[PDB]
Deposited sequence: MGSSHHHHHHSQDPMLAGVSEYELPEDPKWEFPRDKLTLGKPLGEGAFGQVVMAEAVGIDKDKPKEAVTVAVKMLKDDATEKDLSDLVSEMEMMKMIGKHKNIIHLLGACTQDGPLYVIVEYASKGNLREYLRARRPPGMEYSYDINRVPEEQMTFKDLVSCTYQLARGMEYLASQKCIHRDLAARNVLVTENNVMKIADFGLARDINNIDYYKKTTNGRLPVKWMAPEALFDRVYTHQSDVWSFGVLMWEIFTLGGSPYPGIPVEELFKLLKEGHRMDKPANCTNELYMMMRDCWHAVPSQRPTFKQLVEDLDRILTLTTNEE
């Protein structure tokens, strides 16, 4: 059923599943103890996160979990991306072992720290880290397609980790102009071209990053508040764009607006966002 990949395979007998961390779209995540997952420490038990199918899993759920694992293999390691640690794929259920982020997704993290409150600098830092994570991802020819605060995890060290690669794809593994393309992307975080033209590029992720930025500076606010999903794209075409967040600087808001530029090629690249953000952070 599943091809061997020795380099990533982890022995089932050295993994001990713990309490669940939450049920998701196509899978379940549980806390776990993995012995020797760090090959330099063969006897150390490391706390990890394990993603597996739910009891009511579908064939497509498995296909998605497999695909998510493969994406994480090809992406590599980076400070601001949740990292793949190994997997149990031979004779037995599929387990995707990834690093554990003790503080949950960014949205929850931020909503809980609404007046250890968050400082302006903290917010710019979170943003900078995520921009840096996306710059790396883009250079790996990978489009995330599901960028959002709920899909960012925060470690014990408050390090931002881009996660949830269930919809991620290689830039060339997209079926352009097909009526079903991008059909499973959350609408309020989606670039307009993703639906109107049925394409997806790094510039599409940049639009999503803009929405992420708005979530960050609203401390976990809900995008397009009061506007139903059904009438969003009509408003987007007409030029509607979310208003500027209070904890936000005019400059940072202009950056969000640039990310929400109608023309894909007129939006900044992740390379540029990192540069401007590094500058702003350094000033702050």
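Where the deposited sequence has no C-alpha coordinates (positions from 1, in order): Counting from residue 1, the stretches without coordinates are 1-22, 138-151, 321-324.
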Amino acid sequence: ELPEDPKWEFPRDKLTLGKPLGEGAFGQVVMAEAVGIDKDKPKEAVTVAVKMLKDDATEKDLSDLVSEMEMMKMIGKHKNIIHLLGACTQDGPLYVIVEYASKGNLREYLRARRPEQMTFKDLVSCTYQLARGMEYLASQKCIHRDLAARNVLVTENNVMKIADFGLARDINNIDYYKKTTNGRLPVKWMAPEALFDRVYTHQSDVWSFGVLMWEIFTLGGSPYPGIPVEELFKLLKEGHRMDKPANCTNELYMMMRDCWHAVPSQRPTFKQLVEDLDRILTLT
From here on, numbers count along this sequence of modelled residues.
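Greater mean Cα temperature factor according to the PDB record, 99-107 or 173-181: Per the PDB record, 173-181.
Higher-B stretch (mean Cα B-factor, as the entry records it), 24-32 or 245-253: Averaged over C-alpha atoms, the B-factors run higher in 24-32.
Residue of maximum C-alpha B factor among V211, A163, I75, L84, per deposited coordinates: Spelled out: the listed residue with the top C-alpha B-factor is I75.
Highest-ranked of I216, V48, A45, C259 once sorted by CA temperature factor in the record: Result of the comparison over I216, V48, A45, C259: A45.
Third of chain Cα B-factors occupied by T16: Its C-alpha B-factor belongs to the highest third of this chain's values.
Chain thirds of CA B-factor: placement of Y136: Its C-alpha B-factor belongs to the middle third of this chain's values.
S125 - which third its CA temperature factor falls in, relative to the rest of the chain: Middle third - that is where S125 ends up once the chain's C-alpha B-factors are sorted.
Where the record places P192 (Cα B-factor, split into thirds across the chain): CA B-factor rank for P192: lowest third.
Lowest, middle or highest third - CA B-factor, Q117: It belongs to the highest third of the chain when residues are ordered by C-alpha B-factor.
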